[PDB]
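Protein chains in written order, with the UniProt record's numbering: chain A, 3 to 115; chain B, 63 to 356; chain C, 2 to 171; chain D, 3 to 218; chain E, 51 to 100; chain F, 10 to 135. Below is one structure, written out as structure tokens; comments come after it.
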Amino acid sequence: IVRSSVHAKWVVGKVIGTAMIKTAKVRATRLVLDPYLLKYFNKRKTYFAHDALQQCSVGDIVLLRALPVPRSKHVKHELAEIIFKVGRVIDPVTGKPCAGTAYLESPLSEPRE
Amino acid sequence: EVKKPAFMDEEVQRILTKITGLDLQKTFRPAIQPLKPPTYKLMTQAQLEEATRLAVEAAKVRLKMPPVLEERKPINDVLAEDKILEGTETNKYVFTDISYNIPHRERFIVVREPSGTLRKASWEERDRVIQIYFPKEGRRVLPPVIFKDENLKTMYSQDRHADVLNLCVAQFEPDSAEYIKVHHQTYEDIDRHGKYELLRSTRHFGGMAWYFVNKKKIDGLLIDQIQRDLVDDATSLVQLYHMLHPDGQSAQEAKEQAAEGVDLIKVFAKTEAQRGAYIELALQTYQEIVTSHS
Amino acid sequence: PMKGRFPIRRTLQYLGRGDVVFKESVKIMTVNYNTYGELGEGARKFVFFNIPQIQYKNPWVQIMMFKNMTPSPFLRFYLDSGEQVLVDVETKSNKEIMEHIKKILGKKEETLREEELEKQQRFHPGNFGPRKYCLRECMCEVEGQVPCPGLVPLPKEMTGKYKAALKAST
Amino acid sequence: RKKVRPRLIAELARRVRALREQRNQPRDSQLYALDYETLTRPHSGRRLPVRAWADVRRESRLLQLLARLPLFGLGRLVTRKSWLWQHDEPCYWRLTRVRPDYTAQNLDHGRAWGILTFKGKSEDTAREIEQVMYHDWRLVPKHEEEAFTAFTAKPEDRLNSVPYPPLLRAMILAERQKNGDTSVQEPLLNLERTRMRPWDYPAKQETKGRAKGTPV
Amino acid sequence: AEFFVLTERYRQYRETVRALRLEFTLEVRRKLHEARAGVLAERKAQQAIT
Amino acid sequence: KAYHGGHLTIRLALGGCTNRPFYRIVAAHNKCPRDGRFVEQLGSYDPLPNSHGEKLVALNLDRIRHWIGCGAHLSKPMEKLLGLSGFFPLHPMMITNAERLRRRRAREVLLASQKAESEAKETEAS
RNA sequence: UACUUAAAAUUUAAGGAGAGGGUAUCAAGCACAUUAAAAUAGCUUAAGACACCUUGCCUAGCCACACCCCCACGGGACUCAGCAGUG
Ligand code: FES
Ligand SMILES: [K+]
Ligand SMILES: [Mg+2]
Ligand SMILES: [Mg+2]
Ligand SMILES: [Mg+2]
Ligand SMILES: [Mg+2]
Ligand SMILES: [Mg+2]
Ligand SMILES: [Mg+2]
């Protein structure tokens, strides 16, 4: 069960496109140090990921797992997880639906619905 | 047999540290070196006292005494005598093991002589080659010329004894004959001219007092400690003398009379002092000044 | 005057002051913080002051930050095993956040010292070579050894020009 | 990148060249032919070393001996003049397979296989024989086989263990004392595991190279 | 006389050097195994997980 | 360069200036240049006597043992150096050459005695 | 080089955290994508694609070249960019 050669064994990014069949185009960003300014800026990379169930929508944050063998020239990752769904975020700390910096369902309540 | 006290014995280190003393201004005297602009901090009386405490902690590490060891024994061991190689070489070969993680006193440094004998490198040969391959800041491959008696006497005239000793520690090994020679020459010069103050608040004071105690010539250091109002130090010196010479007449006299404090110094004067008459006179004069003024 | 606010953040000394060196397991650190609020002030200060120091010591870790997506700020680390470590940094100072992450996912001082010594194993003081790699280029530099002919002329008898002349004379 | 482009001519050349080599492979009768007047190989022009001149005129090749025998001398014993002169103990090959060079007009070039018995010690398996094209081979007569192959092994007298070198011995004894091992045993090297064959021992013909087929 | 004496020196010298090359070859593999799967190696691996 | 074939070797790399030789003991692929790319430096050899009349050899005996254990060959000058140190047995040709030098000086001593005897005959003639 | 199986040196192939010359009057490239019933219409690009121009760089050294046609079956204008030397 050897792992991939690619450095990006785990990458987080935003789904910037989903027009290919069973594949989601994801934009990841990393921080790179400008040597002259000594300030960090964002370098963005595109990763094709295998979305077997076509469960991805543009704008949602996702976690990708490097495939052991590249599926194609560009598809070398799969959709491990959807960290945040676009417009359907669930607060990790409390577990309640949220809509921005607000709770759609109060954490005091226990709807269990 | 009651063990002879050692230099590193926790009791000896306590007494030697006390008589040495501490002086943050002398211990941290400004170095004549490339300088940088000073920094400044606003501190309360508590913060300042904390900073002074750290300075005293650092002054303790700075005053750590250098080892006092006995003279090493010449290395004279022949590993082999391959006579087939006799006359085939004109110069000696010196082979040094330069594996990084070996202590320098556990490295194999051998010499193949022209006669064919394979022998271990002598102590002088070991120190030279270890400097050539593991160079130590402060040490030079060849013995410097400042350690010649004429050159050393010049340093003594300038009252640079702490420098002669700091150089002797950078260049020579503690167990070498050259190390012992220079130290015993500096300590002897301090004695004759009563320059004991030069090595106070320095790491070299302990070895000097150690040398005097073993050589039974603490008279000068006691006379000088008393005249400087350091009579607690003089008493501690007489305790160290009664510790390294337990069977001495002075040590047995103090047990008989259970002497303590100033009594210990008076006992030493009568029994084993080379110049007892003066120790009492200086001790008496100190008592008169203390009693008369206070 | 250096541009921006707190230009000290753009100096190598400040970037090197960071003490959080993550374990090899750490692969991603997402930072979820809010730009407005009162309980998220430490999170905002952590992004402003500390994220540069963390990235500087952990260049291979992906730090991705999301703004105003949740009611409260939190940190989520993604490890190589597949584990996800959630940290809640609400009502927590930026200094508190750094100490927390250092404890749970930061290498200890002992481990870092061992790595430094291992890195320098192949440098030997006795080794001779260029200044970039070695202290001394040639044995002529060592005291007592034969000096370089360029600086000091060699004795005639030690020269091939002289030795060749004698062989012809023989 | 993407401006790196294919090299078809290089691909075509490599394959074509390799194909020609297989088609025009030379034979042993050509590679190992000799002109005895000059002692130089016509295929390559290589002049034999001087120490081989006497034997090239005075000794026979292996398949010159075997071409005169029924079944190309399968089962016969063959020795080399070089071995006879160097080693008192019997050295010979027991022939098992023999592939003559049919192209040769006298069937005097080819390959052979057999079981080696060097200095009285016999190998357990058959392998190809090296130096078959040398002028050094002597067929053993059938009536003399029993006397030739008679060998009685002597007790081995070459030392099995030797001292360590002077410096390496002191480093071993020093480590013993450091680790607390107190002993006066002398470090000894064991030579049994690493004993060398004689320099003239037959080598592996299967892994040996063959000369190319381009004439000089 | 000298050719034979020299031929024997080469055989005996090369046997001694082969024994030493083997001794060195074993220390390399022993040291490698201790680092890879020594006592200390195993403890640190579990200590980290705990 | 991109070498194909060859083995690691322990050899002496020549440094210094004209009439001032100095050697670096190094482990290197055999096809590399004498003073070029190496794998590790295993010591140094200064063949010129120093102020004390000592030729100085430095050997990293821990790394040397490591590379001999991994197949590193030895050059003949380095085999001679290890023999003088005592780490290896004396090389066969070191012993043979020492014997040749002994036989060559014996002839010279005998010839000088013969010349002195011939000179003695001249003394007898007067 | 050891074992008849394991330690190296040295390469090769496929890759990618990041870094990597100039011109934007080079602003579009034109198959450059995914799926795997063989359909879908996608892929790169002002965060600089594509095009063109220039340059050995990564410096214990590395890379490329070896008369010319990127290559070298073949062909041609048919060999010192090894040392010395010549026009
Ligand atoms: S640089 Fe060392 S001899 Fe010249
Ligand atoms: K070309
Ligand atoms: Mg041969
Ligand atoms: Mg224009
Ligand atoms: Mg040309
Ligand atoms: Mg070409
Ligand atoms: Mg030229
Ligand atoms: Mg040429």
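Idealized CB from N, CA, C, for every residue including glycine.
Item                                                                                                                                                                                          : Value
Helix, strand or coil for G282/B? Go by DSSP, reduced to three states.                                                                                                                        : helix
Jot down the residue ranges of each uninterrupted alpha helix (DSSP H) in the stretch 308-345 of chain B, minimum 4 residues, whole runs only, in chain order.                                : 311-319, 324-333
Count the other C-beta atoms from every protein chain shown that fall within 10 angstroms of the C-beta of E88/F, then say buried if there are 16 or more, exposed otherwise.                 : buried
Contact check, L86/B vs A117/B under 8 Å by CB: the rounded distance?                                                                                                                         : 6 Å
At a Cβ cut of 7 Å, what residues of the stretch 109-128 of chain C count as close to chain B, listed as they run along the chain?                                                            : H125, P126, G127
May I ask which residues mark the beginning and end of the beta strand (DSSP E) holding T20/A?                                                                                                : 12-22
Going by CA-CA distance only, name the one from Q88/D, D37/D, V100/D that's closest to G77/D.                                                                                                 : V100/D
Closer than 7 Å between beta carbons: that is the criterion. Which residues of the stretch 138-153 of chain C meet it against chain F?                                                        : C139, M140, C141, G145, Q146, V147, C149, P150, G151
Can you tell me whether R113/D is helix, strand or coil according to DSSP?                                                                                                                    : strand
Suppose you measure from the CA of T158/B to the CA of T27/F; what does that come to, to the nearest Å?                                                                                       : 26 Å
I'd like to know whether the C-beta of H100/F is nearer than 8 Å to at least one C-beta of chain E.                                                                                           : yes
Once DSSP output is grouped into helix, strand and coil, what is the label at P30/F?                                                                                                          : strand
Return the Cβ separation of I29/C and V14/A in integer angstroms, given the expectation that the two are a contact with Cβ distance under 8 Å.                                                : 5 Å
I need the DSSP call for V60/A, collapsed to helix, strand or coil.                                                                                                                           : coil
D211/B lies in the alpha helix (DSSP H); which residues open and close that run?                                                                                                              : 211-219
Would you list, in chain order, the members of the stretch 97-131 of chain F that have their beta-carbon closer than 9 Å to a beta-carbon of chain C?                                         : none
Taking all protein chains shown into account, do 16 or more other C-beta atoms lie within 10 angstroms of the C-beta of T25/A, making it buried, or fewer, making it exposed?                 : buried
Classify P92/D as helix, strand or coil using the three-state DSSP reduction.                                                                                                                 : coil
Taking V22/C as the reference, which of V143/C, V147/C, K104/C, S170/C has the closest Cα?                                                                                                    : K104/C
Let me know if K156/D comes out buried or exposed under the rule of 16 or more other beta-carbons within 10 Å of its beta-carbon.                                                             : exposed
I want to check one thing, is the minimum distance from the CB of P157/D to the heavy atoms of ligand 1 below 7 Å?                                                                            : no
Does the stretch 145-161 of chain D come close enough to the stretch 109-118 of chain D that 3 or more CB-CB pairs lie under 8 Å?                                                             : no
Starting from residue 362/B, trace the alpha helix (DSSP H) both ways and give me its first and last residue.                                                                                 : Residue 362/B is absent from the structure shown; chain B starts at 63 and stops at 356.
Starting from the C-beta of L17/F, find all residues in its chain whose C-beta is less than 8 Å away, skip the five residues before and the five after it, and write them out in chain order. : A36, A37, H38, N39, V48, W76, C79, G80, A81, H82
Taking a contact to mean a Cβ-Cβ separation below 8 Å, would you say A104/A touches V8/A in this structure?                                                                                   : no
What is the DSSP secondary structure of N44/A, reduced to helix, strand or coil?                                                                                                              : strand
Taking Cβ positions, are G215/D and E23/D nearer each other than 8 Å?                                                                                                                         : yes
Quick one: measure Cβ to Cβ for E334/B and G310/B, integer angstroms, because I've assumed they're closer than 8 Å.                                                                           : 6 Å
From the DSSP secondary-structure annotation, give me the bridge partner or partners of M30/C.                                                                                                : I64/C, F78/C
Comparing alpha-carbon positions, which option in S84/F, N69/F, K130/F lies nearest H125/C?                                                                                                   : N69/F
Do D237/B and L345/B have their CB atoms nearer than 8 Å?                                                                                                                                     : no
Could you list which residues in chain E have their beta carbon closer than 7 Å to that of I77/F, in chain order?                                                                             : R71, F74
Do we get a CB-CB distance below 8 Å when we pair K89/F with the residues of chain B?                                                                                                         : no
Taking the continuous alpha helix (DSSP H) assigned at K104/C, which residues delimit it?                                                                                                     : 95-106
Output the boundary residues of the alpha helix (DSSP H) element that contains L167/C.                                                                                                        : 161-170
Since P37/A sits in a beta bridge, which residues does DSSP pair it with?                                                                                                                     : Its beta-bridge partners do not exist; DSSP assigns none.
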